[PDB]
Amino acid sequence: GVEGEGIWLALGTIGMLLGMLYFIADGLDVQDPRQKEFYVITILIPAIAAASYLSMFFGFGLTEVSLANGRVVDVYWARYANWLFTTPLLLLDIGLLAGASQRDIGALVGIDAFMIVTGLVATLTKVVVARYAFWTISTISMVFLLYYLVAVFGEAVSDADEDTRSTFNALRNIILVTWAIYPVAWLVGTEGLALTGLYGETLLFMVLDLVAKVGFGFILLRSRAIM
């Protein structure tokens, strides 16, 4: 544990609200249907995240887990429900942009669900070796996620014009750079090796989420590529 983390839950919440509020204000002049499909998907992401963050702020979706070890971890489980719904949407979004087939997006969200699910079990087990084991398999599968991202979506976008290739790189980079830190944050946070407390791990996830979501969706929506 180590409380006071709710300040990150509050600022996280409102950043989502603001990002979501902005995308609406910006998607007001929108015209082509496909562009509109992008706006629903993008605005859907911090929406869900904000509801998730609001529940955590009000203390819902918290849960204590006494480890075999003896230690007890306060674990925010709403977080993993958040990720369950939100990550297949960022994948869909970048996927649509890349012009990847639903077969390919679907295969990528298939391994995303496994990653977030096994991450959830690692967070919740009492047996501490199994925490680290399910952590290992989760990040293994995140590496295949990242591989098929750069290669399957990458190959789909190679036929596309310069600006949807440059937009897709900008988004591919964000995912690579920011999704890769999530499992290290789990590791050094209280859920893993506990180098930081609950307060600093929370801070970390909050920052990562805002750029995975508002930063990401900002770049997508604001782009000559989608009109």
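Just count from 1 along the sequence shown to find any residue number.
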Do the C-alpha atoms of 90 to 98 or of 71 to 79 have the higher average B factor in the entry? 71 to 79
Higher of the two mean Cα B-factors (130 to 138, 151 to 159; per PDB record) comes from 151 to 159
Can you pull the Cα B-factors for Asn173, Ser52, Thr202, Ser66 from the entry and say which is highest? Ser66
Go through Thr42, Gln35, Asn169, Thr178 one by one and give the residue whose Cα B-factor in the PDB entry is largest. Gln35
Split into thirds by Cα B-factor across the chain's modelled residues, where does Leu17 land: lowest, middle or highest? middle
For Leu210, the third of its chain into which the C-alpha B factor falls: lowest
Looking at the temperature factor on the CA atom of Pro46, which third of the chain's modelled residues does it land in? lowest
Splitting the chain's C-alpha B-factors into thirds, which one does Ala113 fall into? middle
Classify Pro183 as lowest, middle or highest third according to the C-alpha B-factor given in the PDB entry, relative to its own chain. lowest
